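A single chain comes next, written as structure tokens; it is the form deposited in one PDB entry.
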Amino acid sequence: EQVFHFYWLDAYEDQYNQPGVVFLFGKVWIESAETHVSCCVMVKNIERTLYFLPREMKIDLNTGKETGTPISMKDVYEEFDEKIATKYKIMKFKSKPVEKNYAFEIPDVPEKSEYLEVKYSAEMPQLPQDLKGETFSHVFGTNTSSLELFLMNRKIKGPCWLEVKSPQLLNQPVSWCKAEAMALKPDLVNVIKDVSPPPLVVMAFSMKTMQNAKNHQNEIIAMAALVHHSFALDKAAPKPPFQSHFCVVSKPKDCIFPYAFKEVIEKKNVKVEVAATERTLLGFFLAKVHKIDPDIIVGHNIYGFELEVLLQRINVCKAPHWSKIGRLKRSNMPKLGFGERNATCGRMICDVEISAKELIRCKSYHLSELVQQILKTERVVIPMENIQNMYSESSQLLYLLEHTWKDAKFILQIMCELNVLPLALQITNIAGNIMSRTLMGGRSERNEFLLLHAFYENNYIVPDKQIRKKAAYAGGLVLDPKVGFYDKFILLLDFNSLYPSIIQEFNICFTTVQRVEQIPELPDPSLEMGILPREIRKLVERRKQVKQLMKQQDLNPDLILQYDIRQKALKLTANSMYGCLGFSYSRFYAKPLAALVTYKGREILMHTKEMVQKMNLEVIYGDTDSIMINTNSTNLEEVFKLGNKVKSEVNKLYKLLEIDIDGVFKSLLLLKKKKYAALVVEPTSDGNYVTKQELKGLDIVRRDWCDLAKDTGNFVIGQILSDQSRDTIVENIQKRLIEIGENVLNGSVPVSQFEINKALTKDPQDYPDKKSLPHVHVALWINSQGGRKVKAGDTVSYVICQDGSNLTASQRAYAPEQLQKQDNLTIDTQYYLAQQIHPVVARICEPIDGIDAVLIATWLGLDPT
């Protein structure tokens, strides 16, 4: 024979132009060059695979009545061969009788049955999905794609080594890869698992734009990029994260670079290529991308902005070889991230803004906010305006260029900090999907793939692909809180992986629960564990192991944050598995199952409450799978004893389900359902402990309340949960607010603490009631005013100003720069004292005796009415 090893990373198909063909992209070892290079494997002749379901008794399609003659596979085969194939234009085909299982939403389909599996070129016509005949009642697979077929049949679950037997050469090169090969049939490709993974080539880049003097155009004038040629995803990120880099700068048109600039660059020795025109800069960039040939391009706000600006300028400046940004040689450039995901076809795009949204929470996910929170450093901002002025002098252009470089380095460090790539790989190996898609975010598709693999593996027919809202079933139970402040220790118990455990504990699966608004019946405790509980069980074990590691002997603060991020990521994947059950658009939609799971949950929470009560214990709160108990005790060791005592009494009633001590609070301020604050006990040595404050649902934690309101609100909480007597406190509070009020008026407050943030659900142009929505208004401005443009999903920052236009506060919203820049605009102190600070402090103090709404208004010097 003849065979070659190849490590795949990305896949792609163009069902319209090249049906039955799937392009794979990855790495191949070149011994002579002692290094891995990019490789493109084109897999052809992936055949459509259909399953025909035979009728019990034959039927006449002209009369619509039975005939008395039973059916046999030969009956079906012949019909397909004589009537179906011929009628639909299917020249050749192969077929065979197989036994498959079913357990999905199509009625009239038996659990197990014999089917006639048919296969034929994806180049020949597609049969209708609702096709039926004399010998067969239904046909599955009619529309399966080549890629899904390929990934499933060869059992490819994420990046891995493949062996390609009998590789062919290609008349002409189809990609921008070093190597290429072609397989004539998918069974030539095979997964092997005894060869370690190769390191990847990572490239992190950043760019700068500038609005042109006359014409309205966002011209790219600077790009920076860092590169690492041996970045391994099965170990710590390299230190440093890059080995090389490059910068490139160009002049808008009319401008001229400061002179000596050339020499200034030679002087300080900076790997900075200075382009004459934007077209040259774009040409230079693509050239570096092609030469560096990165397997992963990483940046910030790639999908939402950068990628689109880049492709358009590339089209405008008629730059050479746009497809080099991807790995597939193309001709026509698609636009709008679909047209985008295809543009970079073959290279995985990793957007830290997207990855961050998925892994951690922030008030905004803009780069500055991110560098601050994750890297713990400040990031200078260079406003589009200040840019022009920088071309006048050498040092300034040189500074801007260095600034672009720093963003690329930040983006790269943030990526390594959250540990995005290794996590993305791990998840992709678990779901069996495509890693570039995992990096785009979303839980649904990963779930779908995880299940598809599981069912193919178990010999099941799987549903065909088909082609915030209001709840559609009962959710979790939230107990009514006994609101107030608490001195004595509070006991918080929470079930471990509740829903996933409920699914296993009762063996809930598409294969064990009868269904068709009604809650189905728990299946016979006799039946065997279904596919769903098995897969779910696996995700829960992975998580436990990662939690086990965390428990470990003295670890790095940074490494411990990663384990925690990973652990929650696995938690999310398990819950999304439950969720997709109730996801109308899901391919494995089965509302009844979702409904039956949440049902048992509320039932279990009820019984857990009632039980804790029979033990003569005080239950002050509860949320879906938790119980809060007021021990009324001051003896910690005794509390813990009571805790493990109640734990034991609960776990005793279930096979898998396990409740545990989630925490113990020294003091607790319980305001409303899903809203409380607390000092959390953290034991040390000799029954001694440290305490840490924790917030849940308060306004202080939300993004849509200025920091001025939030910082003050946190002060109040700090005091409330304190040791000090109620008196000392109420005084300190009053003392503080009165001061806050004075400062807000004497203009001592930093303009930033006045910013309010809100994310847009839709693009600013899609809102009808516009004008009265401060965030929508300020976005419309930013948009129609300069470069970058705010779209759905972005958070908008704004402040309320004094226009001198007697409009409502909601209609006097401005950008922070629009304020600091303009003179007729000034901060509406009235608004902030009464609609921001007052509401927050009022809601917090609501249960505190001594404080009250009217009183809080007088401290801030407002008129109590």
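Residue numbers run from 1 along the displayed sequence. For the two forms, the rigid core is made up of the largest set of C-alpha atoms that agree within 1.5 Å on superposition.
Same protein, other form: the form deposited in another entry, not shown, and the subject of what follows.
Candidate set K119, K673, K609, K568; criterion, C-alpha shift of 2 Å or more between the shown form and the other one after rigid-core fit; matching residue, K568. Taking the rigid core as fixed, one finds a CA shift for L479 smaller than 2 Å between the shown form and the other one.
Relative to the superposed rigid core, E393 undergoes a CA displacement of at least 2 Å between the shown form and the other one. The Cα shift for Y585 between the shown form and the other one, taken after rigid core superposition, is smaller than 2 angstroms. Cα of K551 to Cα of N644: at least 3 Å longer in that other deposited form than in the shown structure. Relative to the shown form, the Cα atoms of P557 and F231 move together by 3 Å or more in that other deposited form.
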